[PDB]
Amino acid sequence: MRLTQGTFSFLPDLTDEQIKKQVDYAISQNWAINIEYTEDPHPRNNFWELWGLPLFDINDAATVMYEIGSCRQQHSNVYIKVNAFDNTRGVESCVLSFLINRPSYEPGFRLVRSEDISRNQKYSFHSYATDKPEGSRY
Amino acid sequence: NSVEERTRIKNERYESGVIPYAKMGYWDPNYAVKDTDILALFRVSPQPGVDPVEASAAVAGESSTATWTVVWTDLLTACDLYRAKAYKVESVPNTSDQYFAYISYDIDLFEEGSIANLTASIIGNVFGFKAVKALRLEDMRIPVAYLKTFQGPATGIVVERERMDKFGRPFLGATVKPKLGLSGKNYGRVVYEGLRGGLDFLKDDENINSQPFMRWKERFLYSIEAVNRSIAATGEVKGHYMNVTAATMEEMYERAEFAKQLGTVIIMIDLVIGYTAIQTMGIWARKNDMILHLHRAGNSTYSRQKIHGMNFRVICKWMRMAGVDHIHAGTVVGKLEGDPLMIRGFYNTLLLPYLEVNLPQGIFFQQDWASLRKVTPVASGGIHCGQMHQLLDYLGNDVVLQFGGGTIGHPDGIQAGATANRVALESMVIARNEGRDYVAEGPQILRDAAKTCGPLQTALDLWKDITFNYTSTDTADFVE
Amino acid sequence: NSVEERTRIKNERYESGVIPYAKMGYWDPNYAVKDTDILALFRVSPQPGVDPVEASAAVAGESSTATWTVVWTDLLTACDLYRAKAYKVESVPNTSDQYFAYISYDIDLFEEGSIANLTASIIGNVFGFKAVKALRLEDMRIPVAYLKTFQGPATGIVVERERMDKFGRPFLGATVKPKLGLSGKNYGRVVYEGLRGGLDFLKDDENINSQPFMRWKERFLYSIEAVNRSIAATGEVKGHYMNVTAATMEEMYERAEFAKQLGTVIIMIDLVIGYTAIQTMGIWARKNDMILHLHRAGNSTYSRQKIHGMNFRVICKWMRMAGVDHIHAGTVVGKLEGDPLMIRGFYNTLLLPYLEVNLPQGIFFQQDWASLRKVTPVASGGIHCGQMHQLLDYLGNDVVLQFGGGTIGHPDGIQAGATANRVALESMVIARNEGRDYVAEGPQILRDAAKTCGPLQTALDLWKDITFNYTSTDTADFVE
Amino acid sequence: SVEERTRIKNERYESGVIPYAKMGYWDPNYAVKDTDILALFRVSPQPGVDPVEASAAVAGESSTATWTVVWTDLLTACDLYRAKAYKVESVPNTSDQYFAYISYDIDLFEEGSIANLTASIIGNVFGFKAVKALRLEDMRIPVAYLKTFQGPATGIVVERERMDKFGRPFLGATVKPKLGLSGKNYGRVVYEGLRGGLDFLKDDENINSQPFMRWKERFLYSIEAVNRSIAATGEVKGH
Amino acid sequence: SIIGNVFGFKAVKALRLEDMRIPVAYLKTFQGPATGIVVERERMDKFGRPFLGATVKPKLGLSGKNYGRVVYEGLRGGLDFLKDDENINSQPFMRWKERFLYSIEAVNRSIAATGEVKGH
Amino acid sequence: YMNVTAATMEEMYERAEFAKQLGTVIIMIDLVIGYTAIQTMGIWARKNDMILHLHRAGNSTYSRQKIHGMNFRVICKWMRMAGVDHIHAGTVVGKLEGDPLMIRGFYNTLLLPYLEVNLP
Ligand SMILES: O=C(O)[C@@](O)(COP(=O)(O)O)[C@H](O)[C@H](O)COP(=O)(O)O
Ligand SMILES: O=C(O)[C@@](O)(COP(=O)(O)O)[C@H](O)[C@H](O)COP(=O)(O)O
Ligand SMILES: [Mg+2]
Ligand SMILES: [Mg+2]
Ligand SMILES: [Mg+2]
Ligand SMILES: [Mg+2]
């Protein structure tokens, strides 16, 4: 399956040129940019791993593209995403998040159901990738 | 002859009898507005022979402390303070006998945190006064000190995006159709197909509560199954607006608690439940980590006609204060009324932390929102993916675009309809972000994406020339 | 090319695309109305170029099962049954492009006992449709089978008169003034003086809830002291409408329970709390042997203009169903809008067990009330005892005549004002009962009573020439 | 390493200690807003500590600062949330003692919470080594923040109405001895005091429930005494 | 009794309470610590060393989500605990429930990452 | 079908709630509990997403004799109104009374949305 988290995941995997244009957009809005990665694709895995610190007050897209390449050398077998953050009062949140790397094969999720009171059930999303330990998932 | 006759008030102002409202203290063109005052702007149409200042002073009086004849009991109170003041009366541009009346009300007139009390004064009786043949409330300045007595949105758009893990684009949704008649299991089918095909949300129709053709509990149960199926299928957080609208507060609570127990991220309510049930739900939603969608059912009964009623921007203010997380706010290009500049005013009222006066958008008061959370506007009704460029331009990035007929009417099925909308959205967002003139190029941007998306090709072929071009009823009085 | 393309519906009605609402099943001039159907009459003003039947069919469709494009999911339901039908479309007399549209809705479309659900369908979205530039809901036929799912008035006028031990005359009342600013102890003073002087009731103003100048508990406490003082002074049952209107249901309940604990015969609520809180209070009032007065705050925002909104007679029906015991319904001769024939329709809708069609009164449907209890109409706002003959004639015997300014504005004090009103009322009632032409003789009947009632003499001298003569906005389309 | 390469080189958000007065907490040109909470502190700096740095330390450590620079500031609207010491003055007739005026944005505080207000204003700053003494003298609580609090349950106006006593002070008395009296003896003292002319008497602050007298009998005897005194005088009385 | 009024007496220009002897018979009327250090170490399975912790910074202004991030990074990096700042309760910039929800996610992420009991 | 039939309403509720807690799709009640307990259970079953089976215990005391009592079709109407989801209605060929045409009437009364007069 295709993991459709991220702003552009119904479009094909973005080229480096497409990614650079999104980085240029973020820079033009004075947003901070960071890079994160994970091998737990759970929809509520809120804290993907940090690739260094966020880049604040960025003038040059090439600095971001360099770190994207550097992160890919270590983690191109798993998920990598680019986030943009706006610290304007009343936002103070992520304002853009898109996937830049995916595993070659994502097996996706088992929907787990348990019987509960009357007709109610409890549900869990089990990642098939997480059947194996970190480092052996993808 | 008696002690009552002997102690009668001889003072001209407080002797018995009728005197004009404009001579009772309710007209003061030199009044210095305080930053704690509640201000209201009324569009006033006096009857023939009624003076514009007197009509304005009557509205001020009968929405604050006055009645029709003088009362001595005024003197038991700090009446100079409690009287509302019409302080500016202006001719409306391009009209013969229509006026803008600006009225100031002291903060102490109002119950803290109560939309019912605010509205009891501002709209309680004055719209039925014989002496004005029409009256419309256009805007209000809610001071920071009064705003701080209200919760504001339970969730707000910032926390909503965090719960959904969805940033940098509009949300997508769809109302399930037909409006009435579907069973619980069929409802769940539609929800599963729509979410699994690409929509972030679906929703109950406003009139889907609990009925002979479908009782509410099975709908909620099948709906959460559909939601969780779609989450497992996609890896996205998804939601369905379970409608908890009901006859009594106890029934609404029973439905909201059940939805909570099932683990829905989101519920909905209808404006027809009324302000007190809405405030009660706003508080419940904050307490229970729930996104609270407000459908504006019945709003157009008073909001449509320019000369009389309440402009929707005022309702936006009251519902933001009350604690809803979404409100329907127009599409411009769909089947329901929506002048683009009026809509811009509505969306800004819901989303901005601060508004400057902007007469072309119908924003008459500077409005500080006191850091109350932001309401997500909802664009819904008669829209389709062929308009995506227009929707992104008129309505912006912070909105739920809801495509009911525009998803479920797709000839290749509900999943195809959802996929068309999702691809159309992302294609338009990426083009906007790249700096492209996406309004001029929009039709071509959609055609290009359609080259590798059959569902979108089909949707464009079916609906691309569907338009809803009619003259607006609700329009500005000023232009840029 | 795929299985989705292969299984597309070829049927002309259910193939994808937009077709007129009048060809989707929502226009049927041969439809046979069932006695279980909910009927609605709309005044429809189409945009230029829109066909009157198509506009009417759009209203029917978008208030029942339709959306803007065809959906296959119709076929999962008994859609022929669930579609509403515009069944009669007529020109409104003396208009160029305005129509009466009669629309039928199956009983199964609606949640039992829910005003929120009924209104979600009938008024939810259709007033904002681009294609109609104006729309007004004029009347509804609520079938007996649906009425039986509602409580009706908690108390009703029959039980109310029994609790008060007051028969054969209107009740009297008065709103305390000034509207805002009085303390709890001063409120109690006014209530004591008014009741002790002859009034049956006094009331909180609609905007008197709980505020910096007076918190609610002291008002209720002083008010019940005033009431019980007045009962001991007169030997009559007396009451004060303690306003329990509040921001949340929990606060309203806290206030209603406290009023109950003090032993009030009566409380009040404002229409701005909204339908669900009102229904909740209607049930509470039945459970707790309480008269429930509804003030109609905000009603004139949608009820004033003939071309758009909701006629008040429909609100009368919904609030009678919801369980209120009083509702404000007009004076004719006072400061608020009130055509005499429209008012006659309102009062009859509230009080009669059965209504026949009466076009001059705006009663478009035969209405069986299914033995639901009767709502006491309330005549209030800008009236005085010099009009007593006109009030008894226009408004009849079953009403609360409320004189706020007309009591408290009396130069010799609040007791004198109350006494004037009470003597004026009884003098007029006895004259009517004796067979006298009390409308022609009314001014002389009042003068005769004034010969032995100083307070009445003074009130007549002060106010006898005060009139509120203005052209009505809300008027009939037919005459006798 | 990625961590090395992404280190912040910007002087202000580079790692390390900088004075609070250079972190944004000292601003003598700050425009005070009508929504700001203001505090006045009497600041006695340690020998060698400059009065402005001490006042900025108080401002910083009662708002958003810590002792070293943190990059996580940049995730927030930090310029708004930092409190500003906006005026420092020497105190008349003292050496080494200063008045520091400090402004705090209304968004720093939990609506209606004295615990939260005090947690910021007085939480930690009185124990800072760099000040040998510190006193909170006054605060400006803005109307917008005041409206989130109830204020007095009754208030003197309603109190006088309940007691039916206008135009003079109230009278009262604490029952004595402070401790040791029984419930019944408490009631005796209450009755005699109210009946002789006092509007009120009161339990002593340390009279709660103890081996010499449990609380319920005290309340029961006290209300008997009160109602005896009301019947004896025709006045509303209380204990 | 001990501190109610005596610190304001005109006749003493200053007064400081230095110590108290609380007798065993009075102490037995109090619960004492809910948990205590011994049971605490047993719950945490951490013996023979000090605990480590950290207050999240900046003191005020962070969102619930960003709070969780700091908590996750600190615990996963080696700390036994982190904590809300004393003045972090519920405020316009972050309401309390999202903070607790993100914090327990962060804690449980860190437990799974390390095999240690952790807390916030 | 877990039978929650009991002496008092409180005991019946205890048994129905426990059945609900265990996750049964279905419970039963006996007609001998009587109309008010049955209506109470019918409402409970709607509130708690439970199939409610009615055993017609005691029905034949008044339904058997043609000249006196109540025909079972009337009981079908009242129990359908009351909120039960199943009711025993006959086999024709089994060990209990059941004329085929009477049984058709019973079944139609329970199942149809509308019945026309059908004297046989
Ligand atoms: O009932 C309907 O018509 C809708 O479900 C839309 O269906 P479609 O998506 O099929 O048109 C919405 O409730 C309206 O958009 C409300 O109008 P507004 O947003 O103006 O309040
Ligand atoms: O606020 C007022 O104006 C009143 O208290 C009347 O005061 P007076 O008796 O002093 O006029 C009533 O609420 C109005 O009559 C309501 O209008 P309606 O009955 O039309 O809803
Ligand atoms: Mg809808
Ligand atoms: Mg009033
Ligand atoms: Mg003491
Ligand atoms: Mg701390």
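Positions of Cβ are backbone-derived with ideal geometry, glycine not excepted, and every protein chain shown enters the neighbour counts. FYI, it's all coordinate maths here, none of it is from the lab.
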- Query: Do we find a residue being closer than 30 Å to B:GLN261 by Cβ and either among the hydrophobic types (A, V, I, L, M, F, W, C) or touching a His at 6+ places or on another chain (Cβ under 6 Å) (or both) anywhere in the range A:27-47?
  - Reply: yes
- Considering residues that are without any contact (Cβ under 8 Å) to a residue 24 or more places away in the chain and facing another protein chain (nearest Cβ under 7 Å), the number found within the range C:251-280 is 1
- Considering D:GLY183, D:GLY197, which residue is free of Cβ contacts under 8 Å to residues at least 40 places away in the same chain, over 32 Å from the mean Cα position of the chain (by Cα), farther than 18 Å from D:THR233 by Cα and more than 16 Å from ligand 5 (Cβ to nearest atom)? D:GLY183
- Task: Could you check the range A:1-120 for strands (runs of 3 or more DSSP E) lying wholly inside it with 2 or more residues that are under 24 Å from E:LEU101 (Cβ atoms) and more than 7 Å from every other protein chain (Cβ to nearest Cβ)?
- Result: A:32-38, A:79-86, A:109-115
- Task: Take the range D:92-102 and flag every residue that is surrounded by 14 or more Cβ atoms within 10 Å (Cβ to Cβ) and either of a type in the set (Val, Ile, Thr) or within 14 Å of another protein chain (Cβ to nearest Cβ) (or both).
- Result: D:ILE102
- Query: Condition test on B:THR149, is it among the polar types (S, T, N, Q), in contact with a strand residue (DSSP E or B) (Cβ under 9 Å, 6 or more places away or on another chain) and closer than 30 Å to B:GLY362 by Cβ?
  - Reply: no
- Residue check, C:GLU162 surrounded by fewer than 24 Cβ atoms within 10 Å (Cβ to Cβ), within 14 Å of chain B (Cβ to nearest Cβ) and not aliphatic (A, V, I, L, M): no
- Message: Can you say whether B:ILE283 is more than 30 Å from B:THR419 (Cβ to Cβ), within 7 Å of another protein chain (Cβ to nearest Cβ) and either out of contact with any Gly (no Cβ under 9 Å at 6 or more places or on another chain) or touching a residue at least 60 places away in the same chain (Cβ under 8 Å) (or both), as far as the supplied structure shows?
- Response: yes
- Considering the range C:107-130 alone, what residues qualify as being more than 7 Å from every other protein chain (Cβ to nearest Cβ), surrounded by fewer than 22 Cβ atoms within 10 Å (Cβ to Cβ) and more than 22 Å from C:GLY282 (Cα to Cα)? C:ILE107
- Please specify each residue of the range E:63-75 satisfying the condition of being out of contact with any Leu (no Cβ under 6 Å at 6 or more places or on another chain) and either within 16 Å of ligand 1 (Cβ to nearest atom) or facing another protein chain (nearest Cβ under 9 Å) (or both). E:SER63, E:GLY64, E:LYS65, E:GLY68, E:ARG69, E:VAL70, E:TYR72, E:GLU73
- Task: For E:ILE22, work out the one condition from (1) without any contact (Cβ under 8 Å) to a residue 12 or more places away in the chain; (2) within 13 Å of chain D (Cβ to nearest Cβ) it doesn't fulfil.
- Result: (2)
- Only one of these is under 24 Å from B:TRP463 (Cα atoms), more than 16 Å from ligand 2 (Cβ to nearest atom), surrounded by 24 or more Cβ atoms within 10 Å (Cβ to Cβ) and under 17 Å from the mean Cα position of the chain (by Cα): B:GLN402, B:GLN387. Name it. B:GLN402
- Task: Only one of these is of a type in the set (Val, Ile, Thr), crowded, with 21+ Cβ neighbours inside 10 Å and out of contact with any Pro (no Cβ under 8 Å at 6 or more places or on another chain): E:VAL39, E:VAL6, E:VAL12, E:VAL71. Name it.
- Result: E:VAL71
- Query: How many residues does the range B:131-150 contain that are closer than 16 Å to B:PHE42 by Cβ, charged (D, E, K, R) and within 7 Å of another protein chain (Cβ to nearest Cβ)?
  - Reply: 1
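Matching residues to (1) of a type outside the set (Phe, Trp, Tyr); (2) buried (at least 24 other Cβ atoms within 10 Å of the Cβ):
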{"residue": "C:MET214", "(1), (2)": "yes, no"}
{"residue": "C:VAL227", "(1), (2)": "yes, yes"}
{"residue": "C:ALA246", "(1), (2)": "yes, yes"}
{"residue": "C:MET281", "(1), (2)": "yes, yes"}
{"residue": "C:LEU292", "(1), (2)": "yes, yes"}
{"residue": "C:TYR302", "(1), (2)": "no, yes"}
{"residue": "C:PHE312", "(1), (2)": "no, yes"}
{"residue": "C:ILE315", "(1), (2)": "yes, no"}
- Task: Starting from the range B:222-233, take each residue that is touching a residue at least 60 places away in the same chain (Cβ under 8 Å) and list its partners that are crowded, with 23+ Cβ neighbours inside 10 Å, counting only C-beta distances under 9 angstrom and pairs at least six apart or across chains.
- Result: none
- Item | Hey, B:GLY128 within 16 Å of ligand 4 (Cβ to nearest atom), of a type outside the set (A, V, I, L, M, F, W, C) and touching a helix residue (DSSP H, G or I) at 6+ places or on another chain (Cβ under 6 Å) or not | yes
- Which of the residues that make up the range B:426-472 are buried (at least 21 other Cβ atoms within 10 Å of the Cβ) and closer than 25 Å to B:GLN361 by Cβ? B:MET428, B:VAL429, B:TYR438, B:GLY442
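So that you can scan it fast, the table gives a plain yes or no per residue for (1) more than 14 Å from chain C (Cβ to nearest Cβ); (2) of a type in the set (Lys, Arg); (3) assigned to a loop (DSSP other than H, G, I, E, B); (4) within 16 Å of ligand 3 (Cβ to nearest atom):
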{"site": "B:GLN387", "(1), (2), (3), (4)": "no, no, no, no"}
{"site": "B:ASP398", "(1), (2), (3), (4)": "yes, no, yes, no"}
{"site": "B:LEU401", "(1), (2), (3), (4)": "yes, no, no, yes"}
{"site": "B:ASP412", "(1), (2), (3), (4)": "no, no, yes, no"}
{"site": "B:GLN415", "(1), (2), (3), (4)": "no, no, no, no"}
{"site": "B:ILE430", "(1), (2), (3), (4)": "yes, no, no, no"}
{"site": "B:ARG436", "(1), (2), (3), (4)": "yes, yes, yes, no"}
{"site": "B:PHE468", "(1), (2), (3), (4)": "no, no, yes, no"}
- Out of the range C:331-341, which residues are away from ligand 4 (no atom under 14 Å from the Cβ) and of a type in the set (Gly, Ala, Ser)? C:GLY338
- Query: Of the residues in the range C:15-33, how many are surrounded by 12 or more Cβ atoms within 10 Å (Cβ to Cβ) and within 19 Å of C:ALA86 (Cα to Cα)?
  - Reply: 12
- Query: Right, B:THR36: within 27 Å of C:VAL190 (Cβ to Cβ), polar (S, T, N, Q) and within 13 Å of chain C (Cβ to nearest Cβ) or not?
  - Reply: no
- Task: Having 1 or more residues that are over 30 Å from D:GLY60 (Cβ atoms) is the bar; report the helices (runs of 4 or more DSSP H) wholly within the range E:1-86 that clear it.
- Result: E:24-27, E:36-44
